[PDB]
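Undergrad: Quick note, the sequences are listed as chains A, B and C, same order.
Residue numbers for the first sequence, in this note's numbering: 1 to 14.
Residue numbers for the second sequence, in this note's numbering: 1 to 212.
Residue numbers for the third sequence, in this note's numbering: 1 to 222.
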Amino acid sequence: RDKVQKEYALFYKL
Amino acid sequence: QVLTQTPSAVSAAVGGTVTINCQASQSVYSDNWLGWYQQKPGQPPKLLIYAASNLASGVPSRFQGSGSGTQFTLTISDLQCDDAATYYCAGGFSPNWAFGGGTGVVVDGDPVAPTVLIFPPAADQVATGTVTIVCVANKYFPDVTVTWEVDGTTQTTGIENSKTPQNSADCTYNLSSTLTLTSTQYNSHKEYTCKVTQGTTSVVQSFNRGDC
Amino acid sequence: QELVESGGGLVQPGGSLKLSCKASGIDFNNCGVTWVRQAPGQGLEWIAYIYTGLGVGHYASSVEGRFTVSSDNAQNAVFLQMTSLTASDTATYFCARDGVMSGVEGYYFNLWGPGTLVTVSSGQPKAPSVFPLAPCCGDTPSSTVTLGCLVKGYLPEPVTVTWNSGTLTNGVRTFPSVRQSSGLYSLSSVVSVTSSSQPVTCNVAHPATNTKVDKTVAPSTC
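Okay, structure coming up:
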């Protein structure tokens, strides 16, 4: 997970 | 969360500019989680602006997004008839999203006088004891008003109208007016008239019961 | 590159209903699937979310504990199980897919479905009564002519009108339905066609009652 993928995961909490 | 949207409805002319304010009850997770969706009647929403200020792929330059934190603004420039729809702001707040109340955008285009069509009840309508006369106003702008006259008497009940969305090309409307009454009443008269007035100009279309 | 939701229909207050969201052109592998419902004439409402990656689901407070989002990847499709329903749950339910785009735009709902309409109430279904709409037999015609069909007195809205089995679409005007005083809906659909030797028929369908009516509209009332 890169920058765009971590904020996405952190957002929905994966 | 709550994204209070203002205004709830706006009327602007072709080529004009409209502004829609989106106030959030709390700061979004980040400016990368605030977008604007365009929705037209009978269709699913469509992403228009992402990241609070980035033009979505395929969206024209007339749309601009601005704001941050909790105050956001949508600006539509060179307003066209294809922009006639309802716009929503959706903000992300970590686990869940939140949609604004919506803002209907009506686009004032070139005025067009309507054509009127009157439809007598089908042959097998009176058999059901209920008759429904249909009248249609075709391709027109500045909202019209419909009045039903039965042998010169203006009807006050049994009337219900329905208007289609604005045409994506010329802002025009399309309306249908139906007059429902008892089969006993439909036979007690002959002349049924549909009058569609656009300001002070009227378009009349009638039919005689003894001919259809 | 397409999505379709199915399962909507008339349901009683308190009953359950499982909605599905199937893909036809892409897959639900490592992406977010969101559900958004919209009551008739109301605004959009975020309800539930589920990430097909590792089955992470989120639900709005309005559907807290009463609904459930599923992601059975068999025949790539997402589901939405609704338990104790209420009148307020009546709305058109959409499903959207994220990650379709590249970059931050992928966070947002890129691909949407047409939506499936759910009606919660105790009313009893009733199929419509299609009637032809043709000019009075004593009117001046021309190269063209406008014909239509009247669809009145039907419960659970979802009525689909077409002309010539979906082959005649140019110049079709299907007006929005209107809920009458008796609680029954009714709409009309007219079409402008060039007079000739072609069959002009309106195909009225009412999935709630599982009925299909075809009314050949005569060019005149004669």
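Every residue gets a Cβ at the ideal spot worked out from N, C-alpha and C, and that includes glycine.
Quick check on C/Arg-179: does DSSP put it in helix, strand or coil?
TA: C/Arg-179: coil per DSSP, three-state reduction.
Undergrad: What runs of the beta strand (DSSP E), each 3 residues or longer, lie entirely inside the segment 142–186 of chain B?
TA: Listed in chain order, the complete beta strand (DSSP E) runs (minimum 3 residues) inside the segment 142–186 of chain B are 145–150, 159–163, 173–182.
Undergrad: Between C/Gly-43 and B/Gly-100, what straight-line distance do the alpha-carbon atoms span, to the nearest angstrom?
TA: Those two C-alpha atoms are separated by around 8 Å.
Undergrad: Select from the segment 38–60 of chain C all residues with a C-beta closer than 9 Å to any C-beta belonging to chain A, and list them in chain order.
TA: So the close ones are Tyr-49, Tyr-51, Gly-53, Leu-54, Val-56, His-58.
Undergrad: Give the straight-line distance between the Cα atoms of C/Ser-121 and C/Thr-92, rounded to the nearest whole angstrom.
TA: So the two alpha carbons sit approximately 15 Å from each other.
Undergrad: Taking 9 Å as the threshold (beta carbon to beta carbon), is A/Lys-13 in contact with chain B?
TA: At least one chain B Cβ lies under 9 Å of A/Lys-13.
Undergrad: Under 9 Å, CB to CB, which of the residues in the segment 20–37 of chain B have a partner in chain A?
TA: For the segment 20–37 of chain B, which is checked against every Cβ of chain A, the residues closer than 9 Å are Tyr-29, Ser-30, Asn-32, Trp-33.
Undergrad: List the residues of chain C whose Cβ lies closer than 9 Å to the Cβ of B/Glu-149, in chain order.
TA: Under the 9 Å cutoff, chain C gives no residues; its nearest Cβ is about 16 Å from B/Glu-149.
Undergrad: At least one CB of chain C closer than 9 Å to the CB of B/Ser-162: is that the case?
TA: Yes, contact with chain C.
Undergrad: Is the number of C-beta pairs between the segment 14–30 of chain C and the segment 109–123 of chain C that are closer than 8 Å three or more?
TA: The answer is yes - the segment 109–123 of chain C touches the segment 14–30 of chain C, with three or more Cβ pairs under 8 Å.
Undergrad: How many Å lie between C/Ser-88 and C/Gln-38 at the Cα?
TA: Distance between the alpha carbons of C/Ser-88 and C/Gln-38: 10 Å.
Undergrad: Hey, B/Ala-24 and B/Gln-71: beta-carbon distance below 9 Å or not?
TA: In this structure, B/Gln-71 lies closer than 9 Å to B/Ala-24 by Cβ.
Undergrad: Check C/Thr-216 in the structure and name its three-state DSSP category.
TA: In this structure, C/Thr-216 counts as strand in the three-state DSSP scheme.
Undergrad: From the DSSP output, in three-state form, read off B/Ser-66 for me.
TA: The answer is strand: DSSP assigns B/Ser-66 an E or B state.
Undergrad: Please state the DSSP three-state secondary structure of C/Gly-166.
TA: Three-state result, C/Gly-166: helix.
Undergrad: Just the Cα atoms here: how many angstroms apart are B/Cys-135 and B/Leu-117?
TA: Each residue's alpha carbon lies about 6 Å from the other.
Undergrad: Should C/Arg-97 be labelled buried (16 or more other beta-carbon atoms within 10 Å of its own) or exposed?
TA: C/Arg-97 is buried by the Cβ-count criterion.
Undergrad: Is it the case that the segment 156–164 of chain B contacts the segment 169–182 of chain C, given that we only count it when at least three CB pairs across the two stretches are under 8 Å?
TA: The answer is yes - the segment 156–164 of chain B touches the segment 169–182 of chain C, with three or more Cβ pairs under 8 Å.
Undergrad: Between which two residues does the alpha helix (DSSP H) containing A/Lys-3 stretch?
TA: Element bounds for A/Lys-3: 3–12.
Undergrad: Can you list, in chain order, the stretches of the beta strand (DSSP E) that have 3 or more residues and sit fully within the segment 72–150 of chain C?
TA: 77–82, 91–97, 116–120, 129–133, all fully within the segment 72–150 of chain C.
Undergrad: Does the pairing of the segment 194–205 of chain C with the segment 159–169 of chain C give three or more beta-carbon distances under 8 Å?
TA: The segment 194–205 of chain C vs the segment 159–169 of chain C: in contact.
Undergrad: Counting only the same chain and skipping the five closest in sequence on each side, list residues whose C-beta sits under 7 Å from that of C/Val-190.
TA: Here the set comprises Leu-133, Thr-146, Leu-147, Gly-148, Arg-173.
Undergrad: Can you check whether the C-beta of residue 227 of chain C is within less than 9 Å of a C-beta belonging to chain A?
TA: Lying outside 1 to 222, the shown extent of chain C, residue 227 of chain C is not represented and no answer is given.
Undergrad: With a threshold of 16 other CB atoms inside 10 Å of the CB of C/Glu-64, please say whether the residue is buried or exposed.
TA: It counts as exposed.
Undergrad: Please list the residues of the segment 63–97 of chain B that have a C-beta atom closer than 9 Å to any C-beta atom in chain C, keeping them in chain order.
TA: Against chain C - using a Cβ distance shorter than 9 Å - the residues of the segment 63–97 of chain B are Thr-86, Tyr-88, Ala-90, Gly-92, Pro-95, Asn-96, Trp-97.
Undergrad: CA-CA distance, B/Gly-210 and C/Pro-135?
TA: If you take the alpha carbons of B/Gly-210 and C/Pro-135, they lie about 14 Å apart.
Undergrad: Do you know whose CA, among B/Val-196, B/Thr-157, B/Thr-201, lies nearest B/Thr-180's CA?
TA: The shortest Cα separation from B/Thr-180 among B/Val-196, B/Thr-157, B/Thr-201 belongs to B/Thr-157.
Undergrad: So residue 273 of chain B and C/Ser-188 are supposed to be a Cβ contact under 8 Å. How far apart are they, rounded?
TA: For residue 273 of chain B there is no data in the structure shown, the boundaries of chain B being 1 and 212.
Undergrad: Alpha carbon to alpha carbon, how far is B/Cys-194 from B/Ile-133?
TA: Taking the straight line joining both Cα atoms gives about 10 Å.
Undergrad: Interface residues of chain B around C/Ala-205 at Cβ under 8 Å?
TA: Near C/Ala-205 there are no residues of chain B at all, since even the closest Cβ is about 16 Å away, more than 8 Å.
Undergrad: Pick out whichever of C/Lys-22, C/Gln-124, C/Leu-184 has its Cα sitting closest to the Cα of C/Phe-94.
TA: Nearest option by C-alpha distance: C/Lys-22.
Undergrad: What are the residues in the segment 97–126 of chain C lying within 8 Å of chain B by C-beta distance?
TA: Those would be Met-101, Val-104, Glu-105, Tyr-107, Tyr-108, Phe-109, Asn-110, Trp-112, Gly-113, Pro-114, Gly-115, in chain order.
Undergrad: For B/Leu-175, decide whether its Cβ has a neighbour in chain C, counting only Cβ atoms nearer than 9 Å.
TA: Output row for B/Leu-175: interface = yes.
Undergrad: Output needed for C/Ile-47: all residues of its chain with C-beta closer than 6 Å, excluding positions within five of it in sequence on either side, in chain order.
TA: Cβ within range, chain order: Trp-35, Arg-37, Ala-60, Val-63.
Undergrad: Mind reading off the beta-carbon distance from B/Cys-22 to B/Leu-3? Whole number of angstroms is fine, and I expect it under 8 Å.
TA: About 5 Å separates the two Cβ atoms, so the contact holds.
Undergrad: Taking the straight line between their C-alpha atoms, what separation do you get for C/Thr-144 and B/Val-196?
TA: Cα to Cα, the separation comes out at about 22 Å.
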